[PDB]
Amino acid sequence: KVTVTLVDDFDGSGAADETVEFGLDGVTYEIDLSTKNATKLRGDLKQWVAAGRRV
Amino acid sequence: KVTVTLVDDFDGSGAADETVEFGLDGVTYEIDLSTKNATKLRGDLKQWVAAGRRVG
């Protein structure tokens with residue numbers, strides 16, 4: 001049978017739960033992640049977003 | 001005398017050497033940083049940029 005799977009781009013393992021959008025140096029990215037991993041990515045950006053300012 | 005200086009936003013006690021643009025969840029951000037802290041920022045996103053896909 002044909003199986004279509006949404007795979008977590010970061011640890012390569014499982015049913016990814018969400019796609020997160022993010023950016024650096026004017027480049028925009030998208031990434032498919034488990035709930036756990038998207039929490040991890042937002043966690044890594046937390047301190048820079050706080051110190052930074054919205055444009 | 002008056003002094004005008006770019007101060008590192010992250011720790012607040014240093015001359016910023018550069019301004020870095022980044023984004024999360026549709027929102028775009030700017031931050032002024034020392035060369036060192038700019039390296040830390042880019043370092044924190046490195047694994048995520050690597051696994052992610054560039055879009056418009």
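All chains are named by letter (A, B, ...) in the order of the sequence lines, taking the proteins before the strands, and each is independently numbered beginning at 1. The figures that follow rest on heavy atoms only: side chains count, while hydrogens, waters and symmetry mates do not.
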Task: Proximal to chain B - members of residues 5-19 of chain A, heavy-atom separation under 4.5 Å - done: A/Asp9, A/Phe10, A/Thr19
Open item on the list: Is the shortest side-chain heavy-atom distance between A/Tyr29 and A/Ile31 below 4.5 Å?
Closed with: no
Open item on the list: Can you list everything that forms a side-chain contact (heavy atoms from CB on, under 4.5 Å) with B/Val55? Sequence neighbours excluded, please.
Closed with: A/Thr28, A/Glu30
- [ ] Could you give me the CA-CA distance, side-chain angles and deciding distance for B/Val20 and A/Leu24, then say whether side chain to side chain contact (heavy atoms under 4.5 Å, CB included) is met?
- [x] CA-CA 8 Å; B/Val20 179; A/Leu24 179 55; 3.9 Å; yes
- [ ] Run through the side-chain heavy atoms of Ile, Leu, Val, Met, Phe, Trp and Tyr, join any pair under 4.5 Å, and report what else lands in B/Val4's cluster.
- [x] B/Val2
Open item on the list: So if I take each residue of residues 34-50 of chain B and look for any heavy atom under 4.5 Å from a heavy atom in chain A, which residues do I end up with?
Closed with: B/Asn37, B/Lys40, B/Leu41, B/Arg42, B/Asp44, B/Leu45, B/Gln47, B/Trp48, B/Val49
